[PDB]
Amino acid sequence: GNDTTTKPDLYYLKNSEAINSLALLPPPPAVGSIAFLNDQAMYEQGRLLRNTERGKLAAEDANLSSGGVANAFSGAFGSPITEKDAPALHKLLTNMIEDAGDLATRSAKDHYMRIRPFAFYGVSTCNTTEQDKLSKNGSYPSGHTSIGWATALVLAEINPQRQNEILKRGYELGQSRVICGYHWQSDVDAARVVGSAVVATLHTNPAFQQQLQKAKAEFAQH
């Protein structure tokens, strides 16, 4: 799959620096397990939440694909994160996205091919934009959750004084996937183990440690 060598504006890492989720993450809950039963319970809870504000916020949370992530984190961060208002931070996030959404979650996703609620129950997610595209994507672990958690983790280092609010968005971001219908609760949960793992590799990657430096200081006068 891609990596920095082919999509250097969505990754800071090579497939070789990737975290092996397959080896690090426990198998997903099986069907006929009590844990799955809870996944199913979490979906229904989630699904009934959909026609609530938390629901609307869940649909408009499936969108992070491009710059959207820095959009989802605007309020929590405090200052707005736009290409125009904070492009150093805005690039930092935009660049690390697929490292979080694809590298960190690839081995397991692909190895297990867990199915997805919407496909399991045969009912549409709350935001069908990427549905048909993800419909063939391993459900476990979740990409957005990994992204949400890693970004938030990264943002918490820039604006520590606002980490609780940030971190919560990060977390809340993963949960929106449960409400929406794209991931079972276990997908969302495992995603955070991996998503915290990449932010570690990223702290060793020079390209990241420099954009982080530019994002830090760029906000430190803004």
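In case it trips you up, residue 1 is the first one in the sequence shown, and so on.
If you average the C-alpha B-factors over 59-67 and over 181-189, the higher value belongs to 59-67.
Relative to one another, 128-136 and 91-99 have unequal mean CA B-factors, and 128-136 is the one with the higher figure. As recorded in the entry, 79 carries the highest CA temperature factor of 107, 79, 151, 145. When the Cα B-factors of 54, 169, 162, 47 are read from the PDB record, 54 comes out highest. When the CA B factors of the chain's modelled residues are split into thirds, the value for residue 116 lands in the lowest one. Ranked within its chain, residue 23 lands in the middle third, by CA B factor from the PDB record. For residue 200, the recorded CA temperature factor ranks within the middle third of the chain's modelled residues. In the deposited entry, the Cα temperature factor of residue 212 places it in the highest third of its chain's modelled residues.
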